[PDB]
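The next block is input28.cif, given as mmCIF, C-alpha atoms.
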data_final
#
loop_
_atom_site.group_PDB
_atom_site.id
_atom_site.type_symbol
_atom_site.label_atom_id
_atom_site.label_comp_id
_atom_site.auth_asym_id
_atom_site.auth_seq_id
_atom_site.Cartn_x
_atom_site.Cartn_y
_atom_site.Cartn_z
ATOM 1 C CA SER A 1 -5.851 5.751 -3.525
ATOM 2 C CA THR A 2 -3.354 5.164 -6.312
ATOM 3 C CA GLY A 3 0.381 5.469 -6.896
ATOM 4 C CA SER A 4 2.523 5.838 -10.012
ATOM 5 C CA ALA A 5 6.322 5.673 -10.139
ATOM 6 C CA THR A 6 8.863 5.576 -12.937
ATOM 7 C CA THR A 7 11.198 2.599 -13.067
ATOM 8 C CA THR A 8 14.608 3.021 -14.732
ATOM 9 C CA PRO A 9 17.116 0.465 -16.090
ATOM 10 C CA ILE A 10 20.288 0.301 -13.977
ATOM 11 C CA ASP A 11 22.547 -0.040 -17.023
ATOM 12 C CA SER A 12 22.626 -0.202 -20.826
ATOM 13 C CA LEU A 13 21.561 -3.875 -20.845
ATOM 14 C CA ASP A 14 18.430 -3.553 -18.668
ATOM 15 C CA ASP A 15 20.023 -5.922 -16.144
ATOM 16 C CA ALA A 16 17.471 -4.682 -13.595
ATOM 17 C CA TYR A 17 15.187 -1.722 -12.963
ATOM 18 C CA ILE A 18 15.159 0.661 -10.009
ATOM 19 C CA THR A 19 12.238 2.659 -8.667
ATOM 20 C CA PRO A 20 12.504 5.452 -6.082
ATOM 21 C CA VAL A 21 10.825 4.718 -2.746
ATOM 22 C CA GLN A 22 10.349 7.159 0.152
ATOM 23 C CA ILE A 23 11.000 5.623 3.587
ATOM 24 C CA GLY A 24 10.562 7.345 6.924
ATOM 25 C CA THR A 25 10.051 10.877 8.203
ATOM 26 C CA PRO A 26 11.551 13.033 6.833
ATOM 27 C CA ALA A 27 11.618 10.925 3.688
ATOM 28 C CA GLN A 28 14.731 8.964 2.839
ATOM 29 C CA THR A 29 14.599 8.081 -0.852
ATOM 30 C CA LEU A 30 16.155 4.754 -1.835
ATOM 31 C CA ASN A 31 16.156 3.176 -5.284
ATOM 32 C CA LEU A 32 14.699 -0.305 -4.951
ATOM 33 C CA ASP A 33 14.422 -3.271 -7.301
ATOM 34 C CA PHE A 34 10.700 -4.106 -7.475
ATOM 35 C CA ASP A 35 10.571 -7.908 -7.493
ATOM 36 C CA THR A 36 7.347 -9.809 -8.244
ATOM 37 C CA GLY A 37 9.293 -13.009 -7.489
ATOM 38 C CA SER A 38 9.916 -12.325 -3.778
ATOM 39 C CA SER A 39 8.093 -10.863 -0.798
ATOM 40 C CA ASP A 40 10.593 -8.965 1.369
ATOM 41 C CA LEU A 41 11.154 -5.207 1.344
ATOM 42 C CA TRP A 42 14.786 -4.913 2.425
ATOM 43 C CA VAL A 43 17.268 -2.080 2.315
ATOM 44 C CA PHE A 44 20.897 -1.223 2.714
ATOM 45 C CA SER A 45 21.055 0.592 6.031
ATOM 46 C CA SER A 46 23.136 2.178 8.751
ATOM 47 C CA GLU A 47 23.257 -1.369 10.194
ATOM 48 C CA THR A 48 24.817 -2.956 7.092
ATOM 49 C CA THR A 49 28.350 -4.280 7.624
ATOM 50 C CA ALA A 50 30.526 -1.358 6.509
ATOM 51 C CA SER A 51 32.759 -3.401 4.193
ATOM 52 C CA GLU A 52 29.634 -4.632 2.375
ATOM 53 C CA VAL A 53 28.458 -1.129 1.443
ATOM 54 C CA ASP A 54 29.979 0.366 -1.697
ATOM 55 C CA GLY A 55 28.075 3.345 -3.073
ATOM 56 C CA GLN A 56 24.498 2.430 -2.149
ATOM 57 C CA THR A 57 22.172 4.878 -0.452
ATOM 58 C CA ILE A 58 21.341 3.667 3.053
ATOM 59 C CA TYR A 59 18.270 3.877 5.270
ATOM 60 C CA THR A 60 19.081 5.218 8.736
ATOM 61 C CA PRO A 61 16.168 4.384 11.041
ATOM 62 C CA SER A 62 17.512 6.544 13.884
ATOM 63 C CA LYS A 63 16.927 9.586 11.633
ATOM 64 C CA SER A 64 13.266 8.714 11.029
ATOM 65 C CA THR A 65 10.751 9.920 13.599
ATOM 66 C CA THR A 66 8.271 7.255 12.462
ATOM 67 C CA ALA A 67 10.652 4.256 12.564
ATOM 68 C CA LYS A 68 10.122 1.640 15.258
ATOM 69 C CA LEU A 69 12.157 -1.503 15.867
ATOM 70 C CA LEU A 70 10.006 -4.583 15.350
ATOM 71 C CA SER A 71 11.283 -6.241 18.482
ATOM 72 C CA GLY A 72 12.735 -9.723 18.066
ATOM 73 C CA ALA A 73 12.114 -9.910 14.329
ATOM 74 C CA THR A 74 14.847 -11.107 11.970
ATOM 75 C CA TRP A 75 14.933 -11.996 8.297
ATOM 76 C CA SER A 76 17.168 -13.929 5.939
ATOM 77 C CA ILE A 77 16.660 -14.540 2.255
ATOM 78 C CA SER A 78 18.424 -16.516 -0.454
ATOM 79 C CA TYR A 79 17.558 -15.829 -4.077
ATOM 80 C CA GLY A 80 17.631 -18.251 -6.999
ATOM 81 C CA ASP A 81 20.855 -16.769 -8.372
ATOM 82 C CA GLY A 82 22.710 -17.511 -5.139
ATOM 83 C CA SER A 83 22.574 -13.962 -3.776
ATOM 84 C CA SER A 84 21.426 -13.334 -0.212
ATOM 85 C CA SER A 85 20.887 -10.835 2.580
ATOM 86 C CA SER A 86 19.725 -10.806 6.198
ATOM 87 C CA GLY A 87 19.136 -8.547 9.177
ATOM 88 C CA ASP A 88 16.527 -7.126 11.537
ATOM 89 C CA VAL A 89 13.267 -5.238 11.016
ATOM 90 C CA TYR A 90 11.725 -1.803 11.531
ATOM 91 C CA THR A 91 8.258 -0.573 10.760
ATOM 92 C CA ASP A 92 8.046 2.807 9.068
ATOM 93 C CA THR A 93 6.087 4.852 6.567
ATOM 94 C CA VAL A 94 6.772 3.859 2.972
ATOM 95 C CA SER A 95 5.552 5.722 -0.114
ATOM 96 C CA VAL A 96 5.753 4.729 -3.769
ATOM 97 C CA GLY A 97 4.707 7.218 -6.411
ATOM 98 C CA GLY A 98 2.414 9.058 -4.027
ATOM 99 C CA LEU A 99 0.853 5.959 -2.426
ATOM 100 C CA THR A 100 1.616 5.735 1.295
ATOM 101 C CA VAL A 101 1.587 2.755 3.642
ATOM 102 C CA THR A 102 2.068 3.299 7.359
ATOM 103 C CA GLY A 103 3.540 0.514 9.484
ATOM 104 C CA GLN A 104 5.297 -1.206 6.577
ATOM 105 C CA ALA A 105 7.949 -3.752 7.556
ATOM 106 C CA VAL A 106 11.284 -2.383 6.356
ATOM 107 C CA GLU A 107 13.887 -5.117 6.609
ATOM 108 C CA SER A 108 17.262 -3.596 7.472
ATOM 109 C CA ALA A 109 20.255 -5.500 6.123
ATOM 110 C CA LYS A 110 23.062 -6.355 8.466
ATOM 111 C CA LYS A 111 24.691 -8.586 5.832
ATOM 112 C CA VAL A 112 24.456 -8.734 2.046
ATOM 113 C CA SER A 113 26.173 -11.008 -0.445
ATOM 114 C CA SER A 114 28.930 -9.810 -2.769
ATOM 115 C CA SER A 115 26.592 -9.421 -5.738
ATOM 116 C CA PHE A 116 24.642 -6.728 -3.857
ATOM 117 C CA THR A 117 27.748 -4.938 -2.586
ATOM 118 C CA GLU A 118 29.167 -4.848 -6.115
ATOM 119 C CA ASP A 119 26.071 -3.167 -7.563
ATOM 120 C CA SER A 120 26.024 0.428 -6.348
ATOM 121 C CA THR A 121 22.741 1.216 -8.147
ATOM 122 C CA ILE A 122 20.413 -1.085 -6.158
ATOM 123 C CA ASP A 123 19.655 0.116 -2.612
ATOM 124 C CA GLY A 124 17.439 -2.884 -1.801
ATOM 125 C CA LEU A 125 14.455 -4.870 -3.033
ATOM 126 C CA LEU A 126 10.700 -4.324 -2.776
ATOM 127 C CA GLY A 127 8.947 -7.680 -2.978
ATOM 128 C CA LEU A 128 5.615 -7.969 -4.789
ATOM 129 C CA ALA A 129 4.986 -11.737 -4.720
ATOM 130 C CA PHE A 130 2.543 -13.175 -2.168
ATOM 131 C CA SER A 131 3.146 -12.457 1.496
ATOM 132 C CA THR A 132 3.322 -16.187 2.257
ATOM 133 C CA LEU A 133 6.936 -16.038 0.973
ATOM 134 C CA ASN A 134 7.982 -13.259 3.364
ATOM 135 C CA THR A 135 10.977 -14.393 5.444
ATOM 136 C CA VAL A 136 10.485 -12.372 8.638
ATOM 137 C CA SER A 137 10.536 -14.521 11.763
ATOM 138 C CA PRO A 138 8.847 -15.183 14.146
ATOM 139 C CA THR A 139 5.997 -13.046 12.780
ATOM 140 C CA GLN A 140 5.725 -13.059 8.989
ATOM 141 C CA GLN A 141 5.156 -9.623 7.447
ATOM 142 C CA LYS A 142 3.047 -8.312 4.565
ATOM 143 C CA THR A 143 4.296 -6.856 1.296
ATOM 144 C CA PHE A 144 3.803 -3.214 0.415
ATOM 145 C CA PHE A 145 1.056 -4.219 -2.038
ATOM 146 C CA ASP A 146 -0.720 -6.426 0.507
ATOM 147 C CA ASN A 147 -0.709 -3.549 3.014
ATOM 148 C CA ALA A 148 -1.872 -1.011 0.417
ATOM 149 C CA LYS A 149 -4.524 -3.171 -1.229
ATOM 150 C CA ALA A 150 -7.585 -2.264 0.824
ATOM 151 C CA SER A 151 -6.946 1.449 0.255
ATOM 152 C CA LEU A 152 -6.431 1.162 -3.498
ATOM 153 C CA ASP A 153 -9.111 2.167 -5.989
ATOM 154 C CA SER A 154 -8.730 -1.327 -7.500
ATOM 155 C CA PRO A 155 -6.657 -4.164 -5.970
ATOM 156 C CA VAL A 156 -4.062 -4.229 -8.764
ATOM 157 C CA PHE A 157 -0.637 -3.096 -9.737
ATOM 158 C CA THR A 158 0.835 -2.939 -13.231
ATOM 159 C CA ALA A 159 4.343 -3.338 -14.623
ATOM 160 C CA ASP A 160 5.257 -1.475 -17.803
ATOM 161 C CA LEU A 161 8.988 -2.042 -18.208
ATOM 162 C CA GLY A 162 10.904 -0.292 -20.975
ATOM 163 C CA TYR A 163 13.414 -1.693 -23.432
ATOM 164 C CA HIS A 164 16.551 0.372 -22.886
ATOM 165 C CA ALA A 165 14.246 3.080 -21.503
ATOM 166 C CA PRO A 166 12.308 3.992 -18.371
ATOM 167 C CA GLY A 167 8.885 2.545 -17.660
ATOM 168 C CA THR A 168 6.204 2.647 -14.983
ATOM 169 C CA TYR A 169 4.811 0.820 -11.970
ATOM 170 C CA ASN A 170 1.226 1.824 -11.174
ATOM 171 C CA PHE A 171 -0.749 0.857 -8.077
ATOM 172 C CA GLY A 172 -4.525 0.846 -7.866
ATOM 173 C CA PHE A 173 -5.483 1.575 -11.476
ATOM 174 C CA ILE A 174 -5.022 0.401 -15.047
ATOM 175 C CA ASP A 175 -3.758 3.124 -17.409
ATOM 176 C CA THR A 176 -5.760 2.419 -20.552
ATOM 177 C CA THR A 177 -3.436 4.690 -22.574
ATOM 178 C CA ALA A 178 -0.387 2.527 -21.793
ATOM 179 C CA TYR A 179 -1.147 -0.444 -24.055
ATOM 180 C CA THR A 180 -2.574 -1.318 -27.449
ATOM 181 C CA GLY A 181 -5.498 -3.619 -28.150
ATOM 182 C CA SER A 182 -7.005 -5.505 -25.224
ATOM 183 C CA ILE A 183 -5.656 -7.052 -22.044
ATOM 184 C CA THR A 184 -5.881 -10.859 -21.948
ATOM 185 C CA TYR A 185 -6.277 -12.251 -18.448
ATOM 186 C CA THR A 186 -5.092 -15.677 -17.402
ATOM 187 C CA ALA A 187 -5.357 -17.788 -14.234
ATOM 188 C CA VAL A 188 -2.833 -17.644 -11.407
ATOM 189 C CA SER A 189 -1.828 -20.286 -8.897
ATOM 190 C CA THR A 190 -0.601 -18.866 -5.600
ATOM 191 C CA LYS A 191 0.350 -22.300 -4.239
ATOM 192 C CA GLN A 192 4.093 -21.599 -4.415
ATOM 193 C CA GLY A 193 3.694 -17.932 -3.420
ATOM 194 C CA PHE A 194 4.419 -16.626 -6.928
ATOM 195 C CA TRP A 195 2.442 -15.043 -9.747
ATOM 196 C CA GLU A 196 2.403 -18.447 -11.419
ATOM 197 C CA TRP A 197 0.516 -18.941 -14.673
ATOM 198 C CA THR A 198 0.483 -21.153 -17.774
ATOM 199 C CA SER A 199 1.489 -19.848 -21.175
ATOM 200 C CA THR A 200 -0.300 -21.470 -24.109
ATOM 201 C CA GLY A 201 2.787 -21.860 -26.316
ATOM 202 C CA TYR A 202 5.463 -20.163 -28.372
ATOM 203 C CA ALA A 203 6.832 -19.312 -31.782
ATOM 204 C CA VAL A 204 10.352 -18.534 -32.972
ATOM 205 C CA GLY A 205 10.665 -15.669 -35.439
ATOM 206 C CA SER A 206 8.142 -16.002 -38.249
ATOM 207 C CA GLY A 207 7.677 -19.709 -37.518
ATOM 208 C CA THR A 208 4.445 -21.482 -36.732
ATOM 209 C CA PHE A 209 3.017 -21.266 -33.234
ATOM 210 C CA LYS A 210 3.499 -24.383 -31.088
ATOM 211 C CA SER A 211 0.573 -24.969 -28.752
ATOM 212 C CA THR A 212 1.974 -26.286 -25.496
ATOM 213 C CA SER A 213 1.386 -25.492 -21.825
ATOM 214 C CA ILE A 214 4.316 -23.761 -20.132
ATOM 215 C CA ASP A 215 3.882 -23.178 -16.404
ATOM 216 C CA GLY A 216 6.015 -20.318 -15.109
ATOM 217 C CA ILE A 217 6.191 -17.192 -12.988
ATOM 218 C CA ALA A 218 5.908 -13.530 -13.877
ATOM 219 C CA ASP A 219 9.073 -12.187 -12.230
ATOM 220 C CA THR A 220 10.149 -8.566 -12.592
ATOM 221 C CA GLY A 221 13.178 -9.286 -10.390
ATOM 222 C CA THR A 222 14.741 -11.746 -12.845
ATOM 223 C CA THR A 223 16.532 -10.315 -15.871
ATOM 224 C CA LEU A 224 16.140 -13.100 -18.432
ATOM 225 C CA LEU A 225 13.531 -15.484 -19.840
ATOM 226 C CA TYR A 226 14.074 -19.049 -18.539
ATOM 227 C CA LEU A 227 12.145 -21.756 -20.386
ATOM 228 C CA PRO A 228 12.317 -25.533 -20.913
ATOM 229 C CA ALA A 229 15.393 -26.816 -22.713
ATOM 230 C CA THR A 230 13.324 -27.985 -25.691
ATOM 231 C CA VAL A 231 11.929 -24.477 -26.278
ATOM 232 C CA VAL A 232 15.288 -22.776 -25.775
ATOM 233 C CA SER A 233 17.065 -25.162 -28.153
ATOM 234 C CA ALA A 234 14.420 -24.492 -30.805
ATOM 235 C CA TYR A 235 15.035 -20.741 -30.447
ATOM 236 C CA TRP A 236 18.846 -20.804 -30.598
ATOM 237 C CA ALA A 237 18.853 -23.291 -33.491
ATOM 238 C CA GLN A 238 17.636 -20.350 -35.602
ATOM 239 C CA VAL A 239 20.794 -18.322 -34.857
ATOM 240 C CA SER A 240 23.896 -19.304 -36.821
ATOM 241 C CA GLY A 241 26.769 -20.094 -34.498
ATOM 242 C CA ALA A 242 24.735 -20.046 -31.282
ATOM 243 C CA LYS A 243 25.640 -22.678 -28.719
ATOM 244 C CA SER A 244 25.275 -23.551 -25.073
ATOM 245 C CA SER A 245 28.509 -22.863 -23.236
ATOM 246 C CA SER A 246 29.097 -24.625 -19.919
ATOM 247 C CA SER A 247 32.068 -22.322 -19.245
ATOM 248 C CA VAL A 248 30.030 -19.135 -19.730
ATOM 249 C CA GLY A 249 26.888 -20.538 -18.111
ATOM 250 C CA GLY A 250 24.336 -20.560 -20.914
ATOM 251 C CA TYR A 251 23.621 -19.891 -24.553
ATOM 252 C CA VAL A 252 25.938 -17.519 -26.351
ATOM 253 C CA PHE A 253 25.760 -16.293 -29.924
ATOM 254 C CA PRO A 254 27.924 -14.343 -32.368
ATOM 255 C CA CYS A 255 27.614 -10.632 -31.707
ATOM 256 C CA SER A 256 27.287 -10.218 -35.502
ATOM 257 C CA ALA A 257 23.926 -12.046 -35.486
ATOM 258 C CA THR A 258 20.499 -10.620 -36.098
ATOM 259 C CA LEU A 259 18.294 -12.355 -33.501
ATOM 260 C CA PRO A 260 14.803 -13.610 -34.335
ATOM 261 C CA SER A 261 11.813 -12.590 -32.255
ATOM 262 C CA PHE A 262 10.197 -14.910 -29.718
ATOM 263 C CA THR A 263 6.418 -15.099 -29.244
ATOM 264 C CA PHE A 264 4.672 -16.452 -26.160
ATOM 265 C CA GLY A 265 0.992 -17.256 -25.771
ATOM 266 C CA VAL A 266 -1.390 -15.787 -23.212
ATOM 267 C CA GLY A 267 -4.642 -17.620 -23.788
ATOM 268 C CA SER A 268 -5.463 -17.008 -27.442
ATOM 269 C CA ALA A 269 -3.366 -13.819 -27.435
ATOM 270 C CA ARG A 270 0.291 -13.487 -28.401
ATOM 271 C CA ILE A 271 3.120 -11.333 -26.993
ATOM 272 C CA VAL A 272 6.052 -10.765 -29.350
ATOM 273 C CA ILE A 273 9.517 -10.222 -27.876
ATOM 274 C CA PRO A 274 11.641 -8.482 -30.549
ATOM 275 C CA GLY A 275 15.006 -10.095 -31.263
ATOM 276 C CA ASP A 276 16.938 -7.101 -29.945
ATOM 277 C CA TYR A 277 15.413 -7.666 -26.472
ATOM 278 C CA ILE A 278 17.222 -11.027 -26.386
ATOM 279 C CA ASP A 279 20.718 -9.506 -26.818
ATOM 280 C CA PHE A 280 22.657 -9.125 -23.545
ATOM 281 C CA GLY A 281 25.875 -8.078 -25.183
ATOM 282 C CA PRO A 282 29.460 -9.298 -25.029
ATOM 283 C CA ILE A 283 30.192 -11.964 -22.431
ATOM 284 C CA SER A 284 33.248 -9.923 -21.395
ATOM 285 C CA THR A 285 34.415 -6.498 -22.563
ATOM 286 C CA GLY A 286 35.529 -6.625 -26.187
ATOM 287 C CA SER A 287 34.349 -10.181 -26.829
ATOM 288 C CA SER A 288 32.550 -11.085 -30.048
ATOM 289 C CA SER A 289 30.541 -13.732 -28.169
ATOM 290 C CA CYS A 290 27.272 -12.306 -26.867
ATOM 291 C CA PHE A 291 25.072 -13.601 -24.042
ATOM 292 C CA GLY A 292 21.540 -14.725 -24.829
ATOM 293 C CA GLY A 293 18.415 -13.418 -23.148
ATOM 294 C CA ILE A 294 16.531 -16.722 -23.434
ATOM 295 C CA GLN A 295 18.091 -19.460 -21.314
ATOM 296 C CA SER A 296 17.200 -22.934 -20.116
ATOM 297 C CA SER A 297 15.288 -23.341 -16.858
ATOM 298 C CA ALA A 298 16.579 -26.913 -16.491
ATOM 299 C CA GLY A 299 17.923 -27.211 -12.974
ATOM 300 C CA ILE A 300 16.114 -24.076 -11.736
ATOM 301 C CA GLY A 301 12.984 -26.115 -11.139
ATOM 302 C CA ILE A 302 10.636 -23.452 -12.507
ATOM 303 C CA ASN A 303 10.173 -21.472 -15.710
ATOM 304 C CA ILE A 304 10.636 -17.728 -15.273
ATOM 305 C CA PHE A 305 9.060 -15.006 -17.383
ATOM 306 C CA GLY A 306 11.595 -12.386 -16.366
ATOM 307 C CA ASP A 307 12.195 -8.892 -17.688
ATOM 308 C CA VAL A 308 13.015 -10.029 -21.262
ATOM 309 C CA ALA A 309 9.427 -11.273 -21.556
ATOM 310 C CA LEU A 310 7.631 -8.787 -19.338
ATOM 311 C CA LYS A 311 9.098 -5.678 -20.972
ATOM 312 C CA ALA A 312 7.411 -6.711 -24.242
ATOM 313 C CA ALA A 313 4.023 -6.311 -22.522
ATOM 314 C CA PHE A 314 1.857 -4.200 -20.270
ATOM 315 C CA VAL A 315 1.331 -6.568 -17.330
ATOM 316 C CA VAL A 316 -1.516 -6.464 -14.821
ATOM 317 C CA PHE A 317 -0.979 -8.117 -11.445
ATOM 318 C CA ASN A 318 -4.580 -8.491 -10.274
ATOM 319 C CA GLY A 319 -4.719 -9.054 -6.523
ATOM 320 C CA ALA A 320 -8.462 -9.621 -6.274
ATOM 321 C CA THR A 321 -9.718 -12.421 -4.037
ATOM 322 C CA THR A 322 -8.896 -14.811 -6.867
ATOM 323 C CA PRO A 323 -5.734 -13.323 -8.367
ATOM 324 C CA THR A 324 -5.123 -13.240 -12.123
ATOM 325 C CA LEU A 325 -2.508 -11.868 -14.540
ATOM 326 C CA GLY A 326 -3.225 -9.719 -17.562
ATOM 327 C CA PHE A 327 -1.021 -9.132 -20.596
ATOM 328 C CA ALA A 328 -1.392 -6.588 -23.397
ATOM 329 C CA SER A 329 0.838 -5.596 -26.268
ATOM 330 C CA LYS A 330 2.107 -2.016 -26.199
#

Output the structure of this file as structure tokens.
Amino acid sequence: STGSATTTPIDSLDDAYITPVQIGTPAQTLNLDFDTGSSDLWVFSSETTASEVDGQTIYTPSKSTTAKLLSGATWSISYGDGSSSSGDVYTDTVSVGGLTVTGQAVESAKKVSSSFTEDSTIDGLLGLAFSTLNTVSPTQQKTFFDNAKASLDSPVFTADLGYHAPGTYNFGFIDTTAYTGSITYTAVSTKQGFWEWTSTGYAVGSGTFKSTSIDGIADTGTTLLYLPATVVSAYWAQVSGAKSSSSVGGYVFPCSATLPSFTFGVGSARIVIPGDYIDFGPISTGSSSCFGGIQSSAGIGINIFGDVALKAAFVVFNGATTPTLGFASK
């Protein structure tokens, strides 16, 4: 089997991407944030605290003939940005782009943090990291990909995120028309439950490539590119007037700037992030200070190749017995 679904930016800045997902019978379609940095499939629901729902589409398990309470199971997750959600668990039929999993754990939110309430466009998350990170207790549950894998033509999924445009998540096949040149594969460590890999270095604009190992995660659920302070300083030093602002919470730059590109290494291959991908616009409406898309990972504890990086590439998440990651230009 295979599946193929379009993923769409939630706003003009590509702050996140949503992908329609069919849950239950008859189908209830919710727009979920596919997140290769976490491993829970959770949804706004008929059980979510009423005051914490503001415009989201909800899953109502009582209206699904295939829903079953997973008795005694609860979940609770806290994300790196400080957001969180928790609740109980149903199993139900879940389909993405024509690919169907029966008996998928659908984690129904009873509580969500303010950041989720305040974003009407995200109806929940669909985790695509390793199932060892799944938070369901007392019986840990599998991700949608883990459940689908044995049925797939090939045990892979691909992320093809657009810059200010829709893109595609494919399951079970590699679309050889979706990228240019060749795909370069690189080793993955699953020890922390992430798609963790080591970049071979970077360049800023037309500058020389610096060979240096940068361990980090491929994370579709994180907006920005978070890298070591040394690397980030070297980037922003090439932008007149750019500075790190403690009050804003990262590097800002004059909105009048033309940003340089940023290149990262994948083995001997190179992925170029155009400068425009690094512009996240005014810090507040009408401001001439703009927020940068490359930020320091210092104090996160891990480097994160988020959407800023991934949308410059066609990315293969290879879930073979020994997982790997592939990157191609596009």

Selection result for the PyMOL selection byres ((chain A and resi 123-127) around 6) on this file, as a PyMOL selection string = chain A and resi 30-36+38-44+56-57+122+128-129

Using the chain letters and numbering of this document, enumerate as JSON, numbers by chain the residues selected by the PyMOL selection byres ((chain A and resi 190-202) around 10).
-> {"A": [36, 37, 38, 39, 128, 129, 130, 131, 132, 133, 134, 186, 187, 188, 189, 203, 204, 205, 207, 208, 209, 210, 211, 212, 213, 214, 215, 216, 217, 218, 219, 231, 235, 262, 263, 264, 265, 266, 267, 268, 269, 270, 271, 272, 302, 303, 304, 305, 317, 318, 319, 322, 323, 324, 325]}

Any chance you could export the current selection's C-alpha atoms as a compact mmCIF listing (two decimals), in the coordinates of the input?
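Wrote it out as again_0.txt, contents follow:
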# COMPACT_ATOMS: atom_id res chain seq x y z
CA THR A 36 7.35 -9.81 -8.24
CA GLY A 37 9.29 -13.01 -7.49
CA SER A 38 9.92 -12.32 -3.78
CA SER A 39 8.09 -10.86 -0.80
CA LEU A 128 5.62 -7.97 -4.79
CA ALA A 129 4.99 -11.74 -4.72
CA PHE A 130 2.54 -13.18 -2.17
CA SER A 131 3.15 -12.46 1.50
CA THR A 132 3.32 -16.19 2.26
CA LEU A 133 6.94 -16.04 0.97
CA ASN A 134 7.98 -13.26 3.36
CA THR A 186 -5.09 -15.68 -17.40
CA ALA A 187 -5.36 -17.79 -14.23
CA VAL A 188 -2.83 -17.64 -11.41
CA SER A 189 -1.83 -20.29 -8.90
CA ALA A 203 6.83 -19.31 -31.78
CA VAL A 204 10.35 -18.53 -32.97
CA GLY A 205 10.66 -15.67 -35.44
CA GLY A 207 7.68 -19.71 -37.52
CA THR A 208 4.44 -21.48 -36.73
CA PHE A 209 3.02 -21.27 -33.23
CA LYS A 210 3.50 -24.38 -31.09
CA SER A 211 0.57 -24.97 -28.75
CA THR A 212 1.97 -26.29 -25.50
CA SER A 213 1.39 -25.49 -21.82
CA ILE A 214 4.32 -23.76 -20.13
CA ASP A 215 3.88 -23.18 -16.40
CA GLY A 216 6.02 -20.32 -15.11
CA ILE A 217 6.19 -17.19 -12.99
CA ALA A 218 5.91 -13.53 -13.88
CA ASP A 219 9.07 -12.19 -12.23
CA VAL A 231 11.93 -24.48 -26.28
CA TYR A 235 15.04 -20.74 -30.45
CA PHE A 262 10.20 -14.91 -29.72
CA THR A 263 6.42 -15.10 -29.24
CA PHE A 264 4.67 -16.45 -26.16
CA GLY A 265 0.99 -17.26 -25.77
CA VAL A 266 -1.39 -15.79 -23.21
CA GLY A 267 -4.64 -17.62 -23.79
CA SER A 268 -5.46 -17.01 -27.44
CA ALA A 269 -3.37 -13.82 -27.44
CA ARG A 270 0.29 -13.49 -28.40
CA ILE A 271 3.12 -11.33 -26.99
CA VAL A 272 6.05 -10.76 -29.35
CA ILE A 302 10.64 -23.45 -12.51
CA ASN A 303 10.17 -21.47 -15.71
CA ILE A 304 10.64 -17.73 -15.27
CA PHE A 305 9.06 -15.01 -17.38
CA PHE A 317 -0.98 -8.12 -11.44
CA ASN A 318 -4.58 -8.49 -10.27
CA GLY A 319 -4.72 -9.05 -6.52
CA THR A 322 -8.90 -14.81 -6.87
CA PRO A 323 -5.73 -13.32 -8.37
CA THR A 324 -5.12 -13.24 -12.12
CA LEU A 325 -2.51 -11.87 -14.54

Identify, on the basis of all atoms listed in the file, every residue whose closest approach to stretch 150-153 of chain A does not exceed 9 Å; exclude the query and any residue fewer than 2 positions from it along the same chain; express the result as number ranges by chain.
-> A: 1-3, 99, 146-148, 155-156, 171-173

Identify the residues around (8.9, 9.1, 3.1) within a radius of 9 Å, measuring from all atoms listed in the file in the coordinates stated by the file, and give them as JSON, numbers by chain.
-> {"A": [21, 22, 23, 24, 25, 26, 27, 28, 29, 92, 93, 94, 95, 96, 100]}

Separating atom CA of residue A:284 from atom CA of residue A:251, to the nearest tenth of an Å, is a gap of 14.2 Å

Can you give me, as a PyMOL selection string, the residues this file yields under the PyMOL selection byres ((chain A and resi 225) around 7)?
-> chain A and resi 224+226-227+293-295+304-306+308-309

Got a sec: who's within 10 Å of residue A:253, counting all atoms listed in the file, leaving out chain neighbours fewer than 3 positions off, as a list in words?
-> residues 236, 239, 240, 241, 242, 243, 244, 245, 256, 257, 258, 259, 279, 281, 282, 283, 288, 289, 290, 291 and 292 of chain A

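Going from atom CA of residue A:161 over to atom CA of residue A:311, you cover 4.6 Å.
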
Could you tell me how far atom CA of residue A:18 lies from atom CA of residue A:120, in Å and to one decimal?
-> 11.5 Å

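With distances taken over all atoms listed in the file, A:230 is the one residue among A:168, A:74, A:230, A:104 lying closest to residue A:296.
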
Please provide the set of residues having any atom within 9 Å of stretch 111-117 of chain A, restricted to only C-alpha atoms, with same-chain residues fewer than 5 positions apart removed, written as a ChimeraX atom specification.
-> /A:44,47-49,51-56,82-87,122-124

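Distances here use all atoms listed in the file; by that measure, the residue among A:182, A:65, A:223, A:176 closest to residue A:280 is A:223.
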
Would you kindly return, as a PyMOL selection string, each protein, DNA or RNA residue with an atom no farther than 6 Å from any atom of residue A:169, considering all atoms listed in the file and excluding same-chain residues fewer than 6 positions away?
-> chain A and resi 4-5+158-159

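Of the residues listed (A:300, A:109, A:237, A:73), A:109 shows the shortest atom-to-atom separation from residue A:61; distances use only C-alpha atoms.
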
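Nearest to residue A:10 of all the residues A:121, A:136, A:163, A:315 is A:121, based on only C-alpha atoms.
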